[PDB]
Amino acid sequence: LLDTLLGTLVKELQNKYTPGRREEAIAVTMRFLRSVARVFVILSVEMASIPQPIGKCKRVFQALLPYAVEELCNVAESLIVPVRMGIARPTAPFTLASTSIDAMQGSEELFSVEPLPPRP
Amino acid sequence: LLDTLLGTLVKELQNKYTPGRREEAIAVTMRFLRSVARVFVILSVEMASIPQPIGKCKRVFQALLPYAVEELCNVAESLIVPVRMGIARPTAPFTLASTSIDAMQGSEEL
Amino acid sequence: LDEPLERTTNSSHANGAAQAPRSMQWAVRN
Amino acid sequence: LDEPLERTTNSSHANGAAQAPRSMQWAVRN
Amino acid sequence: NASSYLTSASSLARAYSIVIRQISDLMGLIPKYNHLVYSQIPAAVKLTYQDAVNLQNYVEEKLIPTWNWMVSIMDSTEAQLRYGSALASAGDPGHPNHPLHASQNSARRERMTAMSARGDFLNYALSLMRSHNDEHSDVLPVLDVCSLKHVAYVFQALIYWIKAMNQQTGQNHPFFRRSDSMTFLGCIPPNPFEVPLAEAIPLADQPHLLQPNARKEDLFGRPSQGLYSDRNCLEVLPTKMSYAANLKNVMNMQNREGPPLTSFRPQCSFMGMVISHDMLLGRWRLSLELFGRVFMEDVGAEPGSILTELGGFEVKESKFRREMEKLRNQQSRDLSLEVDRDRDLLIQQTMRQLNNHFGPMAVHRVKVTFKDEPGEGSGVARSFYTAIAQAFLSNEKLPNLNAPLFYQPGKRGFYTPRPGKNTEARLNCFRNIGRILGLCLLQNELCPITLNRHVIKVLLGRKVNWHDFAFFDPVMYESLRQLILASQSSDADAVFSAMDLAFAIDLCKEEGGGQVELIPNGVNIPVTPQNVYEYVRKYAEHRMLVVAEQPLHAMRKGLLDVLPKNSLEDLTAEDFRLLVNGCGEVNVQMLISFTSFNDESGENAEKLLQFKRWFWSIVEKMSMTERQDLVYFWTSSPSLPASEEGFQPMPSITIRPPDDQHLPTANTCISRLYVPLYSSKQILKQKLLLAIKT
Amino acid sequence: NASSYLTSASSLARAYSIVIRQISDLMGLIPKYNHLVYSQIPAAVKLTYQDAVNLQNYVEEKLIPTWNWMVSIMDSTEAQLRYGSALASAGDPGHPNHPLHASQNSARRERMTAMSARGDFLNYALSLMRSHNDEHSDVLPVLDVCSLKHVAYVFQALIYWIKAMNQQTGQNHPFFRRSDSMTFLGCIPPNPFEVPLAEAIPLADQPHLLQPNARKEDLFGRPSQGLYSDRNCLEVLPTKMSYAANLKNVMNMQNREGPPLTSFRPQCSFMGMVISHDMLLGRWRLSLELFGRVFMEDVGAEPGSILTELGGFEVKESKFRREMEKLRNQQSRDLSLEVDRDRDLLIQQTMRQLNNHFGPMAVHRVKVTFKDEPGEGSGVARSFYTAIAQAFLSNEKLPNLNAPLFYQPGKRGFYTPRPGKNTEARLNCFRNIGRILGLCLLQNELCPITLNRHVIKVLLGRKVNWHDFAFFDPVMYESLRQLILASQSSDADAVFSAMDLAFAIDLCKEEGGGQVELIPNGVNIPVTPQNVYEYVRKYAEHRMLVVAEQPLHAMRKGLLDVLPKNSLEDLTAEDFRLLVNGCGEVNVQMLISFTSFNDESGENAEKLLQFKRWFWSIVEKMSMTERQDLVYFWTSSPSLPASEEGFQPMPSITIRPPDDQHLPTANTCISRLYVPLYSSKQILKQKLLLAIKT
């Protein structure tokens, strides 16, 4: 499924036939790479010092290198802003994950949520 | 003694007769105002929410206004650098001074 | 339940987050 | 005096400031 | 007593604020240098006009990056708070992710333990990455404003410097404009004609919203700011949560003999434009409100604080109470009174004794004694106060020396004076009412007599406007608002020549007679196409200020006989209502927080924990009239004070060894209630309802 | 378990370092994209040459301000540390304000309580204002490097990215150049000819300076950096303590078909110049040393860490010990030995049994049994090890199957092999010595036989240079250094035609005979004006490598018979000395920190506290020979291990109920000493000196 999605994205990125397809595919690739980068950052922070989802994220980054580099630069820039300005929110220390099932258990509660419903 | 020192400094600052006197007096005034600003900052941090030494520092600042403004700007700039870069050294909290004798006792040891 | 049933004599050691309004309570801690 | 006369069993709760060298000991705390 | 980063950051920011205040005080003496400095000190330097301009350029150059830092942080914080307020009014309040949920209270989360540390940091990081590219919809942002104390000192110092430089008809008539008690600084007030009363002045429609912790925004309407689209950063509304984006906008909008010394006038110019502190205060209103709520004990203690100047109820009531205590303990002249429990002889003895006592005052204590009844405690004065309040507010007759004094103009629970062909007796009665309110304010008590907003504003010495008429009679306020709105229609004279109103009005029975003109020449001037604003303002000032001018003057003089003209300064109608009348209705939460629960029975039925729960369920399941009768059984008063400092004895419920034979006893002078321990909840409820009726 | 600013800052910096490492790994695959990515994955994009240059420009643009932040902070920290080191060597050590004082220890200040919080902040602020205008003379700066953990993660990430881009004769002969074990990265080594031995190699002059916590700088000389005057910031030595000044210098020096994809080679360019990581490592050497000392448990655990690659003794000894434990527990083949307490039959039985056992090894345990003596504990093996060490190091004769094996070249306590017309017996003896050292390294014990530095460097497989001759014979090293220094004088042949030395040398009695030539054709070639470097290097390699080549090869093969060629990689002479021979001399502090003080007497003379003080005063007031006899009475070894992990049983002193009748008893296999409680300190001292002699 991952290679199917990547093949569809590359095929629509290499489409210089119909007008407006290339920038549309570029924006779709930016949004997908932002989501993949967020998942990869959460998984890499949760693990200790390669697992299968990190390998899948690395494969996605390698298949779309010149855009993933820019979006990872933006993600790191966003992570490094509150340290340099001295406005970091205080948090409690936590222990790392020796195995991979506990990291999946902790990342399940962060991403499998629902948006706020509207007022009835 | 404070007005004597200030009068000597102003008299040497207004001396356009011998060469090299004005910049020399300017540098002397910068060093003296730096010391006065450091003492004033320590005394004002130690006090709570006017005492006689703070009034003397204010008189010194008012007698030498266009240089004291610049040196106080430098002192504030030096105080505000470690907060903006997020590298402040952690310290323990302390209580303020209701009276003036305890502030003098604490500034004596410094 | 969870609400205390008597005065706690204010217990000292306050950070001012209890004085925040009800609309802005999610933006403060302790 | 001030030096302990036996092992303290390392007591846990370490910040690494005790591992600093003798020449650079004034630049660290705890 | 341990080392922390935030303590050192706050202390360094306080030192920086001290030095910036000193720099501002030094720069403020330039236009009067030769009068204040070069006339007294034997040693001073000579200052020219160009040197002041060079100094101003130097200081404006050396305070750029801290200004950019502060403006970026405050813009991001205000954007996050405004998005939280926007998401609060568009979501389901029953969801646990809603901002107005009980799970979002920080004290309720700590008491529920008796989530994990990894999950909090993961949520903080996920909120950090989503905020960079504006991808934070339907998620409440993660921030802690209580950890931003060092920003507030720098903000206070820069506002101090800006404020120090800055200070050194028909429709456009000053009757339809709100005063300082109903506006916001730097914000556009709502339109008084195109907005209905339900969303313009919600305190007039719902008078029960007045609380000591109530905000200004939900009592007087939602303000608006006209900042959108303009190339400078200060002319655009902050909508982005990212610190990097706001810093980018701030920097991009950044780098986008002569005259005498008296003529030097500095102007604030950071970003190529003139900067006033009013629009800076209006730009960050929510952050300033939260800063004043959480940072008053240390940040608000600085000299020239903007948090103290923008203080709410708790800032002003403490200053008023300490000044009242100082002026009470300044003198040592006592006042004594003897009354009896009735109406006619009570009011006659009250008028006679209050005329005989100073027929400003220096009353130290007030002692009240009931005839043919025992008791010498402090609760006897409170019983006298509520007795004289219900005697003056009752409607039977005038007890000799004829109309009743007060009447309700259309809102339940609020009263205005009735002139009724004012003789010397009615004026003396109103002066006595004002002196009674003055001694009640002096002695830290509550007098349960409620006046309208304009009646309070006459006593405090404030201008009455068109918006005060909504607190007088709301329905004809709305009718006149629709008449103004229809007076500007395209048909013009088609609706004007339908009823043909004149400049004379038919008064009601309480206000007097009827057929009274407003302007000279009387009824012969009908409504023209353009006279309607004048007709409305003459009608409003006739019904609020002309009919009862003498009783209002008498009550103002009676209030001024005891209180000087230095305590009513910087007071408002609402904190006057909260200080004299209390909170109005009786709630359960404050009554829970006021009690002490002294234990003396020594009985250990599951370490109590069930009798107290049954008692508070009985109080929470009780009608408000029975609640007022309950509070009258505690401290002989039908209302609660606004804060803990209004109780000179603390409230106390004290348990007794169990005996199902007697009603619980009351000690009014020490605010104590001795209750015997019972077994059944229904037995407790029946005993309480039998005890409160007396 | 509480909320802190520094934990969140360190966690965010760790996340940033993770993303920067991922960016570096993505950018490293560009020149081999079509082989590694566009040959296996079914979906990939097409990459051109210009897109790689655009990506490199984008990444170099988006990592500027964090680079400026890190460089300014590291420059200020290194300036403060270097000024502290400069003031330490110019002040009075007896003053309490000196850096090398006992009052400056952080653990000693906490134990002394059993200054005020205002004074610490006032000193910090006064150090902050004095550092702005370079007004900080004779005052030690106030800083905490342990609160700078978030800077180290960003520094590690940027060094990772720089290192990833960078990696993707006469006097100038490689004999007078130091190796990697004696140089510093990015620093100029000292001149080997113009500097005397007292301030060039202080470990050679004082061999007692080798400690497990000893620094590299005070063992091998002071390095120097040639950075002064050059307009870029990286070419100027950092001397200013102010963060604002360093940031100002950093910013001012800042803004002062085509080719195939295989030919793309990135170059590091932040500030308009090429940047190597070696000069960045040499620029901040003291900060990196302190970072490796205090931030190894968390910051040093990251993949590709520069702190682990620059690790000292404790990093390498732990890895070596865990690999030794794994290789020991991998196999289950035991070794047994029977010996007797003498010299000749002990060495004969040792040679016979060690030849019979594998005449690589897989020895799991070593068991030693003394003939006509009881005992089967682990201390019997240690007694055998020190017995075979003192038997091999003793100088009487050769016990049949003739010269003694080892001799001292001029430094006391260090030994080199003597060839002595090498037969098959001497070679087998040296192979047995190497195998004995191998089993001693495998079984986590100490063999008290000490070799010179070049003897260790032959076994480890390292090149011997001119600086290794100072550890062989220091006085004639100094004489030859003065001969080199006088060989370049202006008089030239005036001092050359004074002694007229030749290319033949007279050897000593231990090295062999005498009158041995160095080069072919022998004595008929005197010293020319320019041949002196060649004469020195041939003489040095003749006396260190030619005479004893076969014993060194035999010992290398004996060490390699047990240990593979994967554990001696990345080992040095000094940690080999510390792992085999221990610390050498016996100190009091480590012996204090190793003891346990088990109490079983039950006697309460002032809760002890005086017998222990008298005991440690007795140990501290004791001669070193008696200290070695004391340590031989604890664990049957004359030396202590370098760390706590060398003790498989922990050391233990155990008290007894008081009885002044017997000497204290020793249990060697559990490292326990049972001592009876005494009364007098002199009685305790006399009993200890009588017990240690045995």
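As stated in the entry header, the method of structure determination is cryo-EM and the reported resolution is 2.7 Å.

The PDB entry annotates chain B as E3 ubiquitin-protein ligase UBR5 of Homo sapiens.

### Details of the overall build of chain B
When you go through chain B residue by residue, the secondary structure sums to 5 helices and 0 strands. The globule rule puts the C-alpha radius of gyration for 110 residues at 13 Å, and the 17 Å found for chain B is more than 25% above it. Principal-axis analysis of the C-alpha atoms places the extent of chain B at approximately 55 × 35 × 20 Å.

### Overview of the overall build of chain C
When helices and strands are tallied, chain C shows 0 helices and 0 strands. Judged by the C-alpha coordinates and their principal axes, chain C covers about 25 × 25 × 10 Å.

### A few points about empty space enclosed by the protein
Reported here for the largest cavity is a volume of approximately 250 Å³. Looking at the lining of the largest cavity residue by residue, the class counts come to 13 nonpolar, 8 polar and 2 charged.

### Digging into the interface of chain E and chain B
Contacts between the two partners involve 44 residues from chain E and, on the opposite side, 42 residues from chain B. Put simply, the parts of the chain that give the side of chain E that touches chain B at least two residues each are α1 (5-27), α3 (49-62), α4 (65-88) and α7 (149-167) of chain E. For the side of chain E that touches chain B, the element with the highest residue contribution is α1(E), accounting for 16 residues. A class-by-class count of the residues in the side of chain E that touches chain B yields 31 nonpolar, 9 polar and 4 charged.

### Side note on the side chain of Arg215(F)
Among the structural elements, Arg215(F) can be located in the loop between α8 (202-205) and α9 (217-220). Here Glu217(F) takes part through its side chain, which lies 3.1 Å from a polar atom of the side chain of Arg215(F). Leaving out residues up to four positions away in the same chain, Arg215(F) has contacts with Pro21(D), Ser23(D) and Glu289(F).

### Observations regarding the sheet that holds strand β9 (residues 672-676) of chain F
Residue and element names in this part refer to chain F. Taken in spatial order, the 3 strands of this open sheet run β7-β9-β8, and their pairing is mixed. With one partner strand each, in any of the chains shown, β7 (652-656) and β8 (665-667) form the two edges of the open sheet. Here the strands of the sheet are splayed against their neighbours by 20 degrees on average, with no regard to which way each runs.

### Overview of the pairing of β9(F)
All names here are of chain F. For β7 and β9, the ladder comprises 5 bridges, and the chain directions are parallel. Looking at β9, one finds that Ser-652 is bridged to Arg-672. Here β8 runs beside β9; their pairing, made up of 3 bridges, is antiparallel. Opposite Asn-667, over in β9, you have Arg-672 as the bridge partner. Count of turn residues in the β8/β9 antiparallel hairpin: 4 residues, of which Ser-671 carries a positive phi of about 55 degrees.

### A few points about the environment of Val516(E)
All names here are of chain E. Checked against the element boundaries, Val-516 lands in strand β6 (residues 516-517). The exposure class of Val-516 is partly exposed, given its relative accessible area of 31%. Each C-alpha atom, one on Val-516 and one on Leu-578, is 37 Å from the other, the two residues being 62 residues apart in sequence. Ignoring anything within four residues of it in the chain, the contact list for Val-516 reads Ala-504, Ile-505, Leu-507 and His-542.

### Looking at unusual backbone geometry
All names here are of chain F. Although it is not a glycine, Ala-492 sits at a positive phi angle of roughly 60 degrees. Note that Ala-492 resides in the loop between α19 (474-486) and α20 (493-496). Note on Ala-492: relative accessible area 29%, which makes it partly exposed.

### A few points about the nonpolar core
Counting 242 residues, the largest nonpolar core has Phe61(A), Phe61(B), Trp67(E) and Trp67(F) as its most contacted members. If we ignore the near neighbours within four places in the chain, the residues touching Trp67(E) are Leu158(E), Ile162(E), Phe270(E), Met271(E), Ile275(E) and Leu280(E). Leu346(F), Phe406(F), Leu459(F) and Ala554(F) belong to the second-largest nonpolar core, a separate cluster that totals 53 residues.

### A look at the sheet that holds strand β7 (residues 652-656) of chain E
Residue and element names in this part refer to chain E. Reading across the sheet, the 3 strands line up as β7-β9-β8 and stay open at both edges, with mixed pairing between neighbours. At either end of the open sheet lies a strand with only one pairing partner, and these are β7 and β8 (665-667). In this sheet, neighbouring strand axes are inclined to one another by 20 degrees on average, regardless of whether the strands run parallel or antiparallel.

### Details of the arrangement of the chains
A gap remains between chain A and chain D, with no contact made and the closest C-alpha atoms lying 13 Å from each other. Across the gap from chain C to chain D, with no contact made, the nearest C-alpha atoms are 25 Å apart.

### Let's talk about the side chain of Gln56(E)
Within the element layout of this structure, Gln56(E) appears in helix α3. Here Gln56(E) falls in the buried class, since its relative accessible area comes to 8%.

### Regarding the environment of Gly312(F)
Following the sequence through the fold, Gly312(F) ends up in the loop between α13 (306-309) and α14 (313-330). Between the C-alpha atom of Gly312(F) and that of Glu289(F), which follows or precedes it by 23 residues, the distance is 9.3 Å.

### Observations regarding the packing of aromatic side chains
According to the stated counting rule, one finds 51 aromatic pairs over all chains in the structure shown. Between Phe94(B) and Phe121(F) the ring centres are 5.9 Å apart and the planes differ by 25 degrees, which places this aromatic pair in the stacked class. You can see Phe94(B) sitting in the loop between α4 (65-84) and α5 (101-108) and its partner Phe121(F) sitting in helix α6 (residues 117-130), one on each of two chains. Under the relative-accessibility criterion, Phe121(F) is labelled buried at 2%. With a centroid separation of 6.5 Å and 35 degrees between ring planes, the pair formed by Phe611(E) and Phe615(E) is classed as tilted. With a gap of 4 residues between them, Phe611(E) and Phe615(E) both fall in helix α25 (residues 611-620), about one helical turn apart. By relative accessible area, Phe611(E) is classed as buried at 8%. Using a relative accessible area of 16% as the deciding quantity, one classes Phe615(E) as buried. Three or more aromatic residues link up through ring pairs in this structure, and these residues are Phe175(E), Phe176(E), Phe193(E), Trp466(E), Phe469(E), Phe472(E), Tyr477(E), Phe503(E), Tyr533(E), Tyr535(E) and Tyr539(E). For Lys612(E), the ring lying beneath its charged end belongs to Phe597(E), and the centroid distance is 4.5 Å.

### Observations concerning the pattern of salt bridges
Tallied over the full model, the rule gives 75 salt bridges over all chains. Residues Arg537(E) and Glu541(E) are paired through a salt bridge, measuring 2.8 Å at the closest nitrogen-oxygen approach. Residue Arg537(E) and its partner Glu541(E) are located together in helix α21 (residues 532-546), separated by 4 residues, close to a single helical turn. The buried category is assigned to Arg537(E), whose relative accessible area is 18%. The residue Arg321(F) makes a salt bridge to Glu317(F) at a minimum N-O spacing of 2.6 Å. Within this pair, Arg321(F) and its partner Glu317(F) are both found in helix α14, separated by 4 residues, close to a single helical turn. Of the residues examined, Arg321(F) reaches a relative accessible area of 9% and is grouped as buried. When salt bridges that share partners are traced, they join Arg31(B), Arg34(B), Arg38(B), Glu71(B) and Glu135(F) into one network.

### Considering the packing of helix α18 (residues 453-460) of chain E against helix α23 (residues 573-580) of chain E
Residue and element names in this part refer to chain E. Look at α18 against α23: their axes get within 9 Å of each other, and the N-to-C directions meet at 95 degrees. Viewed along their axes, α18 and α23 adopt a mutual orientation that is roughly perpendicular. Counted together, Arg-453, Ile-456, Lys-457 and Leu-460 of α18 and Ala-573, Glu-574, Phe-576 and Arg-577 of α23 form the full contact between these two elements. Among the residues making up the contact of α18 with α23, the classes are represented as 4 nonpolar, no polar and 4 charged.

### Structural notes on the state of the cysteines
One covalent bond between the sulfur atoms of two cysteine residues makes up a disulfide. Scanning the entire structure with this criterion turns up 0 disulfides over all chains. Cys187(E) forms no disulfide, and the closest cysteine sulfur to it belongs to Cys233(E), at a distance of 17 Å. In this structure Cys187(E) comes out as buried when scored by relative accessible area, which is 12%. Note on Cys583(F): no disulfide assigned, nearest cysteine sulfur contributed by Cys440(F) at a separation of 14 Å.

Calculation notes
Residues numbered from 1 in each chain as written, not as in the entry; some residues may be left out. Chains lettered and ligands numbered in written order. Part of a larger assembly, values for the part shown. Heavy atoms only, no water. Residues with missing side-chain atoms left out of burial classes, pairs and counts. Helix = DSSP H or I, 4+ residues; strand = E, 2+ residues; numbered from the N terminus. Rg over C-alpha atoms; globule rule 2.2 N^0.38 Å. 1 Å grid on protein atoms, 1.4 Å probe; cavity = no way out; pocket = protein on both sides within 12 Å on 5 of 7 lines; lining within 4 Å. Points joined across faces, edges and corners; volume = space filled by probe spheres on them. Nonpolar A, V, L, I, M, F, W, Y, C, P; charged D, E, K, R; others polar. Contact = heavy atoms within 4.5 Å. Polar contact = N/O pair within 3.5 Å; in protein donor to acceptor, adjacent residues only side chain to side chain. Pairing = 2+ DSSP bridges. Axes fitted to C-alpha atoms, helices over the stretch in contact; angles between N-to-C directions. Buried < 20%, exposed > 50% of the residue type's maximum accessible area, 1.4 Å probe, protein only. Core = buried A, V, L, I, M, F, W, Y, C linked by side-chain atoms within 4.5 Å. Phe/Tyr/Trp six-rings, centres within 6.5 Å; stacked < 30°, edge-to-face > 60°. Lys NZ or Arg CZ within 6 Å of the ring centre and 35° of its normal. Salt bridge = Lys/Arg side-chain N within 4 Å of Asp/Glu carboxyl O. Parallel < 35°, antiparallel > 145°, perpendicular 65-115°, else oblique. Disulfide = S-S within 2.5 Å.

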